[PDB]
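Structure data (mmCIF, C-alpha atoms) from query.cif:
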data_coords
loop_
_atom_site.label_atom_id
_atom_site.label_comp_id
_atom_site.auth_asym_id
_atom_site.auth_seq_id
_atom_site.Cartn_x
_atom_site.Cartn_y
_atom_site.Cartn_z
CA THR Q 366 37.71 21.44 45.16
CA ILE Q 367 34.18 21.20 46.38
CA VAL Q 368 33.78 24.96 46.39
CA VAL Q 369 34.32 25.12 42.69
CA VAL Q 370 32.43 22.03 41.66
CA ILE Q 371 29.12 22.81 43.26
CA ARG Q 372 28.85 26.34 41.95
CA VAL Q 373 29.53 25.30 38.39
CA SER Q 374 26.86 22.64 38.68
CA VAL Q 375 24.25 25.12 39.77
CA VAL Q 376 25.00 27.83 37.26
CA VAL Q 377 24.55 25.33 34.47
CA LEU Q 378 21.30 23.69 35.43
CA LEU Q 379 19.20 26.77 36.08
CA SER Q 380 20.08 28.02 32.64
CA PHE Q 381 18.95 24.66 31.39
CA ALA Q 382 15.92 25.34 33.54
CA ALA Q 383 15.70 28.85 32.15
CA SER Q 384 15.93 27.77 28.53
CA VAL Q 385 13.03 25.40 28.75
CA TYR Q 386 11.03 27.87 30.80
CA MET Q 387 10.55 30.55 28.20
CA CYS Q 388 10.45 28.38 25.10
CA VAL Q 389 7.18 26.83 26.19
CA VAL Q 390 5.40 30.10 26.88
CA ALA Q 391 6.22 31.11 23.37
CA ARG Q 392 4.65 27.86 22.24
CA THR Q 393 1.75 28.80 24.46
CA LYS Q 394 1.25 32.23 22.91
CA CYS Q 395 1.91 30.93 19.42
CA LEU Q 396 -0.75 28.31 19.92
CA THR Q 397 -3.38 29.71 22.21
CA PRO Q 398 -5.75 31.84 20.04
CA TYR Q 399 -6.10 28.84 17.76
CA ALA Q 400 -7.49 26.95 20.74
CA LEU Q 401 -10.29 29.40 21.17
CA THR Q 402 -12.34 29.51 17.99
CA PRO Q 403 -15.18 27.17 17.23
CA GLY Q 404 -13.21 25.72 14.37
CA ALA Q 405 -10.15 23.56 14.29
CA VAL Q 406 -8.42 24.90 11.23
CA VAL Q 407 -4.86 24.74 12.45
CA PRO Q 408 -2.48 25.43 9.55
CA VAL Q 409 0.53 23.34 8.64
CA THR Q 410 2.84 24.92 11.17
CA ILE Q 411 3.90 21.66 12.71
CA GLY Q 412 7.28 22.40 14.08
CA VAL Q 413 5.63 23.36 17.30
CA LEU Q 414 4.01 20.04 18.33
CA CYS Q 415 0.47 20.73 17.21
CA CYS Q 416 -2.51 19.01 18.83
CA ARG P 98 -38.05 41.31 15.41
CA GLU P 99 -38.59 39.35 18.60
CA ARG P 100 -40.65 36.55 17.06
CA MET P 101 -37.54 34.68 15.96
CA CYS P 102 -35.16 35.47 18.78
CA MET P 103 -36.91 34.43 21.93
CA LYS P 104 -36.62 30.64 21.77
CA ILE P 105 -32.88 30.73 21.51
CA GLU P 106 -31.68 31.97 24.89
CA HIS P 107 -33.98 29.49 26.60
CA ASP P 108 -31.95 26.83 24.82
CA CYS P 109 -28.56 28.36 25.12
CA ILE P 110 -28.10 30.41 28.28
CA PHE P 111 -26.74 29.38 31.61
CA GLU P 112 -25.40 31.96 34.03
CA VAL P 113 -22.85 32.12 36.81
CA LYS P 114 -23.33 32.06 40.56
CA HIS P 115 -21.15 33.17 43.44
CA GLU P 116 -22.53 33.12 46.98
CA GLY P 117 -26.07 32.53 45.76
CA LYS P 118 -26.07 35.69 43.67
CA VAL P 119 -26.07 35.82 39.86
CA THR P 120 -23.83 38.39 38.18
CA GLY P 121 -22.80 37.18 34.74
CA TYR P 122 -24.04 34.88 32.00
CA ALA P 123 -22.72 31.99 29.97
CA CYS P 124 -23.15 30.64 26.47
CA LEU P 125 -22.69 27.40 24.60
CA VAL P 126 -21.59 27.91 21.02
CA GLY P 127 -20.66 25.41 18.35
CA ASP P 128 -18.29 22.96 19.97
CA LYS P 129 -16.81 24.95 22.85
CA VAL P 130 -18.56 26.42 25.86
CA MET P 131 -17.98 30.05 26.58
CA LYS P 132 -17.40 32.20 29.62
CA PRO P 133 -16.12 35.75 29.97
CA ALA P 134 -13.67 35.29 32.79
CA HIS P 135 -14.00 38.83 34.15
CA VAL P 136 -16.62 37.92 36.73
CA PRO P 137 -15.87 35.48 39.56
CA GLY P 138 -18.27 32.64 40.22
CA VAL P 139 -19.38 29.10 39.48
CA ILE P 140 -21.78 27.99 36.75
CA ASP P 141 -25.23 27.03 37.99
CA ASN P 142 -25.19 23.41 36.94
CA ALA P 143 -24.11 20.25 38.70
CA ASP P 144 -21.57 18.55 36.54
CA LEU P 145 -19.85 20.68 33.93
CA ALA P 146 -18.15 22.86 36.52
CA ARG P 147 -15.87 19.81 36.93
CA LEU P 148 -14.20 20.70 33.66
CA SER P 149 -10.84 21.78 32.33
CA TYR P 150 -10.34 25.45 31.59
CA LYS P 151 -7.75 27.35 29.60
CA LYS P 152 -7.19 30.91 30.59
CA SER P 153 -5.39 33.87 29.08
CA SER P 154 -5.82 37.21 30.81
CA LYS P 155 -4.71 38.91 27.61
CA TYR P 156 -8.21 38.53 26.25
CA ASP P 157 -10.22 37.88 29.46
CA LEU P 158 -12.10 34.95 27.98
CA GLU P 159 -12.55 31.34 28.96
CA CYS P 160 -13.53 28.17 27.12
CA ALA P 161 -13.98 24.48 27.63
CA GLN P 162 -15.27 21.64 25.52
CA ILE P 163 -18.85 20.41 25.81
CA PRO P 164 -19.32 16.80 26.92
CA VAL P 165 -21.29 14.74 24.47
CA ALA P 166 -24.65 14.73 26.24
CA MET P 167 -26.03 18.20 25.51
CA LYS P 168 -23.68 18.87 22.60
CA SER P 169 -26.61 19.23 20.20
CA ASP P 170 -28.05 22.32 21.89
CA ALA P 171 -25.79 25.10 20.63
CA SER P 172 -26.51 27.71 18.03
CA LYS P 173 -25.14 28.34 14.57
CA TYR P 174 -22.48 30.87 13.76
CA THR P 175 -20.57 32.50 10.95
CA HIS P 176 -18.14 35.28 10.22
CA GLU P 177 -19.77 36.99 7.27
CA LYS P 178 -20.84 40.36 8.44
CA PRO P 179 -22.06 43.12 6.17
CA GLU P 180 -23.28 46.29 7.84
CA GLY P 181 -26.92 46.57 8.78
CA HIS P 182 -29.48 45.90 11.46
CA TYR P 183 -28.88 43.33 14.14
CA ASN P 184 -30.64 42.35 17.30
CA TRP P 185 -30.19 41.49 20.95
CA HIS P 186 -31.90 41.01 24.29
CA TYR P 187 -32.92 44.63 24.57
CA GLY P 188 -33.76 45.61 21.07
CA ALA P 189 -32.10 46.24 17.75
CA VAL P 190 -28.48 47.22 17.22
CA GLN P 191 -26.86 48.94 14.27
CA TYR P 192 -23.33 48.33 13.03
CA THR P 193 -20.95 49.88 10.55
CA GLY P 194 -17.36 50.99 10.18
CA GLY P 195 -16.14 48.50 12.72
CA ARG P 196 -18.34 50.32 15.21
CA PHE P 197 -21.38 48.95 17.01
CA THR P 198 -24.09 51.27 18.32
CA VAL P 199 -27.28 51.34 20.39
CA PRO P 200 -28.86 54.32 22.16
CA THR P 201 -28.23 55.48 25.67
CA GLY P 202 -27.99 53.53 28.85
CA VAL P 203 -30.19 50.53 28.18
CA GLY P 204 -27.42 48.32 29.53
CA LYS P 205 -26.19 47.97 33.10
CA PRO P 206 -23.21 46.70 35.06
CA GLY P 207 -23.71 43.07 35.93
CA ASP P 208 -24.70 42.22 32.37
CA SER P 209 -21.74 40.63 30.59
CA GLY P 210 -22.44 37.59 28.49
CA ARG P 211 -25.10 38.59 26.05
CA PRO P 212 -24.82 37.09 22.56
CA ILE P 213 -26.01 39.05 19.54
CA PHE P 214 -27.56 37.79 16.33
CA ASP P 215 -28.48 38.39 12.72
CA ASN P 216 -31.82 38.11 11.08
CA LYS P 217 -31.45 34.72 9.49
CA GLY P 218 -30.43 32.88 12.60
CA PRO P 219 -26.72 32.22 13.42
CA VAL P 220 -25.10 33.79 16.45
CA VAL P 221 -22.55 36.48 15.81
CA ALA P 222 -20.57 37.78 18.76
CA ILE P 223 -20.47 38.59 22.44
CA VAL P 224 -20.38 41.73 24.58
CA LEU P 225 -18.22 42.90 27.49
CA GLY P 226 -19.00 46.41 28.83
CA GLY P 227 -19.97 49.97 27.94
CA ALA P 228 -18.67 53.44 27.13
CA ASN P 229 -20.22 56.89 27.44
CA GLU P 230 -21.26 58.60 24.26
CA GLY P 231 -23.70 61.43 24.63
CA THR P 232 -26.52 59.76 22.64
CA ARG P 233 -25.84 56.35 21.06
CA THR P 234 -23.56 54.06 22.99
CA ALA P 235 -20.24 52.40 22.28
CA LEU P 236 -19.84 48.71 22.85
CA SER P 237 -17.06 46.30 23.81
CA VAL P 238 -17.18 43.07 21.85
CA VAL P 239 -14.86 40.22 20.93
CA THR P 240 -15.31 38.66 17.49
CA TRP P 241 -13.93 36.43 14.77
CA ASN P 242 -12.04 36.40 11.51
CA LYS P 243 -12.28 33.56 9.06
CA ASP P 244 -9.61 32.05 11.27
CA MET P 245 -8.83 34.09 14.32
CA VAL P 246 -10.47 35.72 17.34
CA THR P 247 -10.02 39.42 18.01
CA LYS P 248 -10.79 42.01 20.64
CA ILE P 249 -11.71 45.59 19.90
CA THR P 250 -11.84 48.13 22.70
CA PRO P 251 -12.59 51.76 21.93
CA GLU P 252 -11.38 54.57 24.12
CA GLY P 253 -13.07 55.70 27.29
CA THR P 254 -14.89 52.60 28.38
CA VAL P 255 -15.76 50.91 31.63
CA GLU P 256 -15.40 47.20 32.11
CA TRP P 257 -18.75 45.88 33.17
CA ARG R 98 -56.30 1.96 34.49
CA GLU R 99 -54.35 5.08 35.39
CA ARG R 100 -57.04 6.68 37.55
CA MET R 101 -56.00 4.65 40.58
CA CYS R 102 -52.26 4.44 40.10
CA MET R 103 -51.07 7.98 39.74
CA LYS R 104 -51.25 9.22 43.33
CA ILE R 105 -49.04 6.50 44.62
CA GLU R 106 -45.60 7.23 43.18
CA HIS R 107 -45.95 10.85 44.26
CA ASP R 108 -46.18 9.47 47.79
CA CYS R 109 -43.66 6.74 47.51
CA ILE R 110 -40.82 7.51 45.13
CA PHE R 111 -37.48 9.05 45.82
CA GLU R 112 -34.60 8.57 43.42
CA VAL R 113 -30.83 8.46 43.56
CA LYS R 114 -28.28 11.10 42.64
CA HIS R 115 -24.61 10.92 41.77
CA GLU R 116 -22.81 14.05 40.56
CA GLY R 117 -26.06 15.95 40.12
CA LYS R 118 -27.44 13.38 37.69
CA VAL R 119 -30.33 11.01 38.40
CA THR R 120 -29.99 7.41 37.21
CA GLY R 121 -32.03 5.10 39.43
CA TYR R 122 -35.07 5.21 41.67
CA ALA R 123 -35.96 4.25 45.21
CA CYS R 124 -38.99 2.95 47.05
CA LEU R 125 -40.34 2.82 50.57
CA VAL R 126 -42.32 -0.32 51.26
CA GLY R 127 -43.93 -1.57 54.45
CA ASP R 128 -41.33 -1.19 57.16
CA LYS R 129 -38.04 -1.24 55.25
CA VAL R 130 -36.79 1.19 52.64
CA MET R 131 -35.62 -0.25 49.38
CA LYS R 132 -32.79 0.34 46.97
CA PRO R 133 -31.45 -1.76 44.11
CA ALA R 134 -27.76 -1.51 44.78
CA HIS R 135 -26.69 -1.91 41.14
CA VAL R 136 -26.47 1.82 40.49
CA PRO R 137 -24.01 4.04 42.36
CA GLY R 138 -25.24 7.22 43.97
CA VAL R 139 -26.76 8.97 46.95
CA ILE R 140 -30.46 9.38 47.72
CA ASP R 141 -31.81 12.87 47.11
CA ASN R 142 -32.82 13.68 50.65
CA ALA R 143 -31.00 15.31 53.52
CA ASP R 144 -31.13 12.96 56.43
CA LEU R 145 -31.86 9.33 55.66
CA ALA R 146 -28.65 8.87 53.71
CA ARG R 147 -27.07 8.81 57.21
CA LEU R 148 -28.42 5.32 57.69
CA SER R 149 -27.19 1.79 58.18
CA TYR R 150 -27.19 -0.50 55.18
CA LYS R 151 -26.91 -4.24 54.78
CA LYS R 152 -25.55 -5.48 51.53
CA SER R 153 -25.35 -8.82 49.79
CA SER R 154 -24.07 -8.84 46.22
CA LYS R 155 -25.68 -12.24 45.76
CA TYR R 156 -29.00 -10.54 45.17
CA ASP R 157 -27.89 -6.95 44.36
CA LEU R 158 -30.43 -5.39 46.69
CA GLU R 159 -30.22 -3.00 49.60
CA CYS R 160 -32.47 -2.17 52.54
CA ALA R 161 -32.62 -0.05 55.64
CA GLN R 162 -35.25 0.69 58.23
CA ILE R 163 -37.41 3.80 58.02
CA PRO R 164 -37.12 6.28 60.90
CA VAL R 165 -40.39 6.95 62.62
CA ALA R 166 -41.22 10.32 61.06
CA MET R 167 -42.42 9.39 57.57
CA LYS R 168 -43.08 5.75 58.42
CA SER R 169 -46.77 6.13 57.58
CA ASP R 170 -46.20 6.88 53.90
CA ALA R 171 -45.52 3.44 52.43
CA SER R 172 -47.79 1.27 50.37
CA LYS R 173 -49.49 -2.02 51.02
CA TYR R 174 -48.22 -5.36 49.83
CA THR R 175 -49.03 -9.03 49.62
CA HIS R 176 -47.83 -12.26 48.11
CA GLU R 177 -51.01 -13.66 46.62
CA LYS R 178 -50.58 -13.59 42.92
CA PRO R 179 -52.90 -15.27 40.47
CA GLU R 180 -52.20 -14.72 36.79
CA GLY R 181 -53.82 -11.78 35.05
CA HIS R 182 -53.47 -8.14 34.18
CA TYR R 183 -51.22 -5.86 36.16
CA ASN R 184 -50.01 -2.33 35.73
CA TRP R 185 -47.00 -0.06 35.89
CA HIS R 186 -45.59 3.33 35.00
CA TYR R 187 -45.79 2.72 31.28
CA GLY R 188 -48.93 0.75 30.85
CA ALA R 189 -50.35 -2.66 31.58
CA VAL R 190 -48.35 -5.84 32.08
CA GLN R 191 -49.43 -9.44 31.72
CA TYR R 192 -48.15 -12.35 33.80
CA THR R 193 -48.40 -16.11 33.76
CA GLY R 194 -46.29 -19.22 34.09
CA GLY R 195 -43.74 -17.48 36.24
CA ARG R 196 -43.14 -15.21 33.26
CA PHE R 197 -43.82 -11.49 33.05
CA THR R 198 -44.41 -9.80 29.70
CA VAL R 199 -44.89 -6.39 28.07
CA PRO R 200 -44.35 -5.46 24.41
CA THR R 201 -41.20 -4.21 22.82
CA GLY R 202 -38.75 -1.64 23.99
CA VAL R 203 -40.89 0.67 26.09
CA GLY R 204 -38.22 0.51 28.78
CA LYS R 205 -34.73 2.00 28.76
CA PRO R 206 -31.40 1.70 30.55
CA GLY R 207 -31.31 4.04 33.48
CA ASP R 208 -34.71 2.89 34.68
CA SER R 209 -34.27 0.44 37.55
CA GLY R 210 -36.53 0.87 40.53
CA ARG R 211 -40.04 0.77 39.21
CA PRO R 212 -42.61 -0.93 41.44
CA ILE R 213 -45.55 -2.77 39.89
CA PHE R 214 -49.07 -3.17 41.18
CA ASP R 215 -52.38 -4.99 41.10
CA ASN R 216 -55.80 -3.61 40.53
CA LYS R 217 -57.00 -3.45 44.10
CA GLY R 218 -54.10 -1.49 45.46
CA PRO R 219 -51.13 -3.24 47.18
CA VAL R 220 -47.67 -3.13 45.67
CA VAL R 221 -46.32 -6.35 44.25
CA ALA R 222 -42.72 -6.42 43.13
CA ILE R 223 -39.80 -4.57 41.62
CA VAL R 224 -37.90 -4.60 38.33
CA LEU R 225 -34.21 -4.77 37.40
CA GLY R 226 -33.45 -4.85 33.64
CA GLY R 227 -34.51 -6.18 30.25
CA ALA R 228 -34.06 -8.98 27.72
CA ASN R 229 -34.60 -9.14 23.97
CA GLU R 230 -37.57 -11.08 22.73
CA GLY R 231 -38.67 -10.35 19.22
CA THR R 232 -42.11 -8.97 20.17
CA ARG R 233 -43.11 -9.00 23.86
CA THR R 234 -40.32 -8.44 26.34
CA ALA R 235 -38.83 -10.45 29.16
CA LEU R 236 -38.39 -8.87 32.55
CA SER R 237 -36.04 -9.19 35.50
CA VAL R 238 -37.82 -8.99 38.83
CA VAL R 239 -37.22 -9.96 42.44
CA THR R 240 -40.23 -11.12 44.45
CA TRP R 241 -41.57 -12.81 47.56
CA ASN R 242 -42.83 -16.08 48.96
CA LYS R 243 -45.05 -16.25 52.00
CA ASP R 244 -41.75 -16.10 53.82
CA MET R 245 -38.78 -15.60 51.58
CA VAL R 246 -37.43 -13.31 48.86
CA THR R 247 -36.38 -14.70 45.51
CA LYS R 248 -34.69 -13.63 42.31
CA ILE R 249 -35.61 -14.92 38.89
CA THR R 250 -33.39 -14.16 35.92
CA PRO R 251 -34.21 -15.60 32.52
CA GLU R 252 -31.57 -16.23 29.91
CA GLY R 253 -30.18 -13.61 27.60
CA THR R 254 -30.73 -10.44 29.54
CA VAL R 255 -28.93 -7.17 30.07
CA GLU R 256 -28.59 -5.61 33.47
CA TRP R 257 -30.02 -2.15 33.26
#

As structure tokens, what does this structure read like?
Amino acid sequence: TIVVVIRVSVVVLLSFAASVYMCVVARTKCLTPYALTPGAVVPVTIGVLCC
Amino acid sequence: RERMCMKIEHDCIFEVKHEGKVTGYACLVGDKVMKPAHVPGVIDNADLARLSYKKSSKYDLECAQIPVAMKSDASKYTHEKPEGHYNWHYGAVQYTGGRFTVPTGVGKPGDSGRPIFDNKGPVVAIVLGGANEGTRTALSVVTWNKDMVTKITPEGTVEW
Amino acid sequence: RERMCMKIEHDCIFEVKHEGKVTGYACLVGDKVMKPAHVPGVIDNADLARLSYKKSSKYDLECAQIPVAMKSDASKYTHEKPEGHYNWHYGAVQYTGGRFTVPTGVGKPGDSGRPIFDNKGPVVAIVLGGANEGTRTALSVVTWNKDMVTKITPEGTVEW
């Protein structure tokens, strides 16, 4: 009973941990060249939590 | 050709240090301070090395934001660039076809961080390293759109 | 009026540093070294920052004793003070009625630690901050009796 319940708990949470892990680095790459210019003309692409 | 340029780098150039030995350079442009992250080291000033930095090795650049004290000491800049003569720390550079040129070997390793200008005053772009040519050299520069930054890197170069 | 004064501060002025940024000043008078403890920071010398300090926030002053090496580099001083002209780093100051004066706004924040003199040579006293006046400013100075130290602080001032 234990031997099932602990393995199902750990296969679920790392995938939760996986899912958040790569979504942010997309938000990083989708954002980051806009950070670099001397000019703050970010377009209306706010679905991605713009600064 | 040098009578307009010379005052500018005295206002706008710091360089990097590592083990009491300069290797690179650093600029201060617009609103954000600039460093080409290729070279290791620390900037040669007391306070602004205490700053936040945002790094992407995809471009090998590095910026931060200038604190409000010496914010009014940076140059002007634009993106409009027709072909023609332009200028830099060791002379005059020609540009066309998306291709920058200057004659042979007047640049060395240990020289990244040199901004380049126009005639009428704003700063334009910033250099990285060199490439062999025969006669008139190839460059390695990162530059700007109306909206975006961009690298161009022609074949057969060496990263200074 | 400046032909006697100028040599003195070159002998007798160190200043304070905090994060590679000067803000205050420091003097060396008689037998005891002086610092107005209002400003944070470290003195800009190697060794004598390793010293004992005695602090009372009642006066906002700070002293220590000079080690014997550069002990013979401090000014002279007295307590005899008739009214008349006196002098400082930005001109000539007038004093009477227990009230020091100089005209408008020739002092800034970030300027505590400026000693003030006589004609015939000894140092007199030491400044803290300013106060609005209309035309000729009010000061904020700590000074000496025959035997005791004393603060005077007129109304409506700002601590520089």

Counting only C-alpha atoms, what is within 12 Å of range 149-155 of chain R, bar same-chain residues fewer than 5 positions away, as a PDB file with C-alpha atoms, in the coordinates of the input?
ATOM      1  CA  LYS R 129     -38.040  -1.240  55.250  1.00  0.00           C
ATOM      2  CA  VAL R 130     -36.790   1.190  52.640  1.00  0.00           C
ATOM      3  CA  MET R 131     -35.620  -0.250  49.380  1.00  0.00           C
ATOM      4  CA  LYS R 132     -32.790   0.340  46.970  1.00  0.00           C
ATOM      5  CA  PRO R 133     -31.450  -1.760  44.110  1.00  0.00           C
ATOM      6  CA  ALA R 134     -27.760  -1.510  44.780  1.00  0.00           C
ATOM      7  CA  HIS R 135     -26.690  -1.910  41.140  1.00  0.00           C
ATOM      8  CA  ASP R 144     -31.130  12.960  56.430  1.00  0.00           C
ATOM      9  CA  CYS R 160     -32.470  -2.170  52.540  1.00  0.00           C
ATOM     10  CA  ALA R 161     -32.620  -0.050  55.640  1.00  0.00           C
ATOM     11  CA  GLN R 162     -35.250   0.690  58.230  1.00  0.00           C
ATOM     12  CA  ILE R 163     -37.410   3.800  58.020  1.00  0.00           C
ATOM     13  CA  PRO R 164     -37.120   6.280  60.900  1.00  0.00           C
ATOM     14  CA  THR R 247     -36.380 -14.700  45.510  1.00  0.00           C
ATOM     15  CA  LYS R 248     -34.690 -13.630  42.310  1.00  0.00           C
TER      16      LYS R 248
END

Per-axis box centre and lengths in Å around range 137-151 of chain P, 4 Å margin per side, axis-aligned, as lines of an AutoDock Vina configuration file:
center_x = -16.5
center_y = 27.0
center_z = 34.9
size_x = 25.5
size_y = 24.9
size_z = 18.6

Return as a list in words the residues belonging to chain P that are within 8 Å of chain Q, counting all atoms listed in the file.
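Putting it all together, I get residues 126, 127, 128, 129, 160, 241, 244, 245 and 246 of chain P.
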
Chain R residues within 9 Å of chain P, counting only C-alpha atoms: which ones, as a PDB file with C-alpha atoms, in the coordinates of the input?
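The resulting selection-v8.pdb:
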ATOM      1  CA  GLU R 116     -22.810  14.050  40.560  1.00  0.00           C
ATOM      2  CA  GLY R 117     -26.060  15.950  40.120  1.00  0.00           C
ATOM      3  CA  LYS R 118     -27.440  13.380  37.690  1.00  0.00           C
TER       4      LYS R 118
END

In Å, rounded to a single decimal, give me how far CA of residue 224 in chain R is from CA of residue 239 in chain R.
6.8 Å

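CA of residue 111 in chain R is positioned 15.4 Å from CA of residue 148 in chain R.
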
Pairwise distance for CA of residue 197 in chain P and CA of residue 105 in chain P, rounded to one decimal in Å
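Separating CA of residue 197 in chain P from CA of residue 105 in chain P is a distance of 22.0 Å.
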
Residues near range 183-195 of chain R, anyone? I mean within 6 Å using only C-alpha atoms, not counting same-chain ones fewer than 5 positions away, as a ChimeraX atom specification.
/R:213-215

Which of these residues is nearest to residue 157 in chain R, using only C-alpha atoms: R:119, R:225, R:216, R:175?
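Looking only at the distances to residue 157 in chain R, the closest residue turns out to be R:225.
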
Could you check which of P:250, P:201, P:169, P:120 is closest to residue 232 in chain P, using only C-alpha atoms?
P:201

Using all atoms listed in the file, what residues lie at most 7 Å away from (-28.9, -6.9, 30.3) (file coordinates), given as a PyMOL selection string?
chain R and resi 226-228+254-257

Residues picked by the PyMOL selection byres ((chain R and resi 212) around 6) here, as a short mmCIF file (atom, residue, chain, number, x, y, z; two decimals) with C-alpha atoms, in the frame of the given file?
data_model
loop_
_atom_site.label_atom_id
_atom_site.label_comp_id
_atom_site.auth_asym_id
_atom_site.auth_seq_id
_atom_site.Cartn_x
_atom_site.Cartn_y
_atom_site.Cartn_z
CA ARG R 211 -40.04 0.77 39.21
CA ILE R 213 -45.55 -2.77 39.89
CA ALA R 222 -42.72 -6.42 43.13
CA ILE R 223 -39.80 -4.57 41.62
#

Using all atoms listed in the file - which residues lie no farther than 9 Å from the point (-34.3, 4.2, 32.2) in the file's frame? Write them as a PDB file with C-alpha atoms, in the coordinates of the input.
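Written out: point.pdb:
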ATOM      1  CA  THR R 120     -29.990   7.410  37.210  1.00  0.00           C
ATOM      2  CA  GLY R 121     -32.030   5.100  39.430  1.00  0.00           C
ATOM      3  CA  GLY R 204     -38.220   0.510  28.780  1.00  0.00           C
ATOM      4  CA  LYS R 205     -34.730   2.000  28.760  1.00  0.00           C
ATOM      5  CA  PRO R 206     -31.400   1.700  30.550  1.00  0.00           C
ATOM      6  CA  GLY R 207     -31.310   4.040  33.480  1.00  0.00           C
ATOM      7  CA  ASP R 208     -34.710   2.890  34.680  1.00  0.00           C
ATOM      8  CA  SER R 209     -34.270   0.440  37.550  1.00  0.00           C
ATOM      9  CA  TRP R 257     -30.020  -2.150  33.260  1.00  0.00           C
TER      10      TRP R 257
END

Residues within 6 Å of residue 113 in chain P, all atoms listed in the file, excluding chain neighbours under 5 positions, as a PDB file with C-alpha atoms, in the coordinates of the input:
ATOM      1  CA  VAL P 119     -26.070  35.820  39.860  1.00  0.00           C
ATOM      2  CA  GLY P 121     -22.800  37.180  34.740  1.00  0.00           C
ATOM      3  CA  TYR P 122     -24.040  34.880  32.000  1.00  0.00           C
ATOM      4  CA  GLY P 138     -18.270  32.640  40.220  1.00  0.00           C
ATOM      5  CA  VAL P 139     -19.380  29.100  39.480  1.00  0.00           C
ATOM      6  CA  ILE P 140     -21.780  27.990  36.750  1.00  0.00           C
ATOM      7  CA  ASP P 141     -25.230  27.030  37.990  1.00  0.00           C
TER       8      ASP P 141
END
